[PDB]
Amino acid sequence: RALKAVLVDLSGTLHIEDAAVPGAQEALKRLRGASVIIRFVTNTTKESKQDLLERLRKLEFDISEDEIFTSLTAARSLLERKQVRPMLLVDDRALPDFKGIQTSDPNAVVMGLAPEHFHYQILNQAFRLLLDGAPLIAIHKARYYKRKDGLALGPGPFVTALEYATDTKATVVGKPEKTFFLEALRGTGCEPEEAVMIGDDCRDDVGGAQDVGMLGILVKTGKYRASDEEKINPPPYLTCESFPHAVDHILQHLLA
């Protein structure tokens, strides 16, 4: 084998957050010199690709839109391939990522985190579409997330609500699903066994990736807490102190 692609988590790994991880920018420059394929990945249901992109550029990361693959991109890919018309239960700010997807006579349900749509009447309409055989596509299933005033419900509980109602599993597109990481390499010409994933979240980043054949590097910044390394078996391929260190390891060890 040989290493041809690198998947880099964004939040926790490159920036943490609205401030860059120290060395991150120069480390990414080192990476681009290595002549390796690079894809920046993340779970989001509310930030468009341009939104993330604008933020990364303000932190002086030089990145293309073609290199960013998020759970929204993944949700959009699935829609094009299945040729379906979604009922879009998503934040308005995610809509630019479904530009061009037809919504008339919906025959699919896409769920992200969308408080304005998460109420009885609209959930029951989604339910009634599911009964009719429409698939349920979950951008991801996080239970909760941390906002200014405490933890708040993520999309995961609402998705789980509809699975329970219909007694069926959603198709989950984001991390840690296997299909996420495989979709991330579509168009790269690269197989997962020729790829490494770098992130701060052991289950969602390393666990998920290692499960498709990728090498997983846990970095100890951002969301990482002490001993997170042993929350998976097998353990991570490598546990580094930060993205820069991960990059240094890739250059001196894996790149042939």
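Position 1 is the first residue in the sequence shown; the rest follow in order.
Annotation for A114: CA B-factor lies in the middle third of the chain's modelled residues. Sort the modelled residues of the chain by CA B factor and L72 lands in the middle third. Ranked against the other modelled residues of its chain, the C-alpha B-factor of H140 as given in the entry falls in the lowest third. Ranked by C-alpha B-factor against the other modelled residues of its chain, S227 falls in the middle third. Sort the chain's modelled residues by C-alpha temperature factor and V212 lands in the middle third, per the entry.
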